[PDB]
Structures are given as C-alpha cells and as structure tokens.
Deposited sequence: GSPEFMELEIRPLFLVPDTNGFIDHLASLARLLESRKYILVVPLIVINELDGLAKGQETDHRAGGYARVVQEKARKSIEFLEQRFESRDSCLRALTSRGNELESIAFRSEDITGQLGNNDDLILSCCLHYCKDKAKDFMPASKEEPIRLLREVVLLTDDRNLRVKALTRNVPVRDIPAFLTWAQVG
C-alpha cells in the first residue's frame, strides 16, 4: 500500500436542494420529480426559508412570488402523497406531511449538510476491504452555492448544480 484514502461509490437516488434551487430552478426540480427516477428530499429548513420569503415591489416582490410558487408546488405534491418527495428535519425524521410544519431548530447551511449526511451513515466495517476503501453515496446535494459546495466536497457528499444534474440524468 501507498497511503490509504476514502473513495465514493456514487449512485444517485436522494436529491437534496437548497432554497436557491427552488427560487431559481423550480421547473427543473419539478421535471426531476416527474421523472420518478429520484427521491427529492427537501430539508425542513429550506421549506422554512421559503415560507419566510413568501411572507412589496422590486426585488422583494420578485423573490416573494418565486417563494410562493415553490410552496404551492410543495404543498400540492405532499397533499397528493407523491412517493418521490420527502421532507427531512435536522434530527433525522422524514415527513410525509408538511401541513402545520414547525421551524427546524449550527448555521442553516449546517442543517442542509446534516440532512445530506442522514444518507451517509457509514459503519466501522464499511472501511475494511477484502482493494479500494470505497463507501456508497446515494445522496446528491443540488446547489450552485460555492460555500455549500465546498462543505459537501470536504464532507463526502456528492454535489452538483441543478442544470448539470438534469442534463446528466437525461
């Protein structure tokens, strides 16, 4: 051996967007959900951010309208019991309903990352080969934000911007 390092077996199933993803790319997120190829897992904190944006003129009005469209989309799909859409709290609980939702209780950025990390609980034995040390990653963080991207890269969470993911997913 040369010195050991971890590698990722990347096989996307759970996709985790940030708030900007809804504001800028709602149509793409909807197309992904309609594909049935993926489970979109929305952090509760992202829903909280969207609700705060939704409630003006100018830029405030622009973002308000986009946040309202995002909430209307999420509420409709959750009420239809869309099997490819989930919500996840900071403490690891999956929601099938977002009616009467609460504020998720250390940045908002840390909470989104923890949501991703809910899908990469590695056990001690996964690090012992019988070869590459390789670990399964079924989650992808969908973001254009440099801060989150670097957080994800350093914490072993696959990461891609929405436009490129949609293209790659065909």
**Complete:** In deposited-sequence numbering, the unmodelled segments run 56-62, 113-116, 142-144, 185-186
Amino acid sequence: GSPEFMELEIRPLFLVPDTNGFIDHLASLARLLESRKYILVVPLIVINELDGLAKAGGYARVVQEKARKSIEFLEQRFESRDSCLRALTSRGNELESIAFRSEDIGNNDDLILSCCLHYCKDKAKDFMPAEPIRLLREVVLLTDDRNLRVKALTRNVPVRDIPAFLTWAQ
From here on, numbers count along this sequence of modelled residues.
**Request:** Check the entry's C-alpha temperature factors for 5-13 and 21-29, then say which stretch has the higher mean.
**Result:** 5-13
**Residue stretch of maximal mean CA temperature factor, 59-67 vs 114-122** = 114-122
**Request:** Tell me, lowest, middle or highest third: where does the Cα B factor of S102 rank within its chain?
**Result:** highest
**Message:** Using the temperature factors of the C-alpha atoms in this entry, rank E138 within its chain: lowest, middle or highest third.
**Reply:** middle
**Complete:** So, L50's CA B-factor, relative to its chain, sits in which third? The lowest
**Asked** Hey, what third does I39 fall into on Cα B-factor, ranked over its chain?
**Response** middle
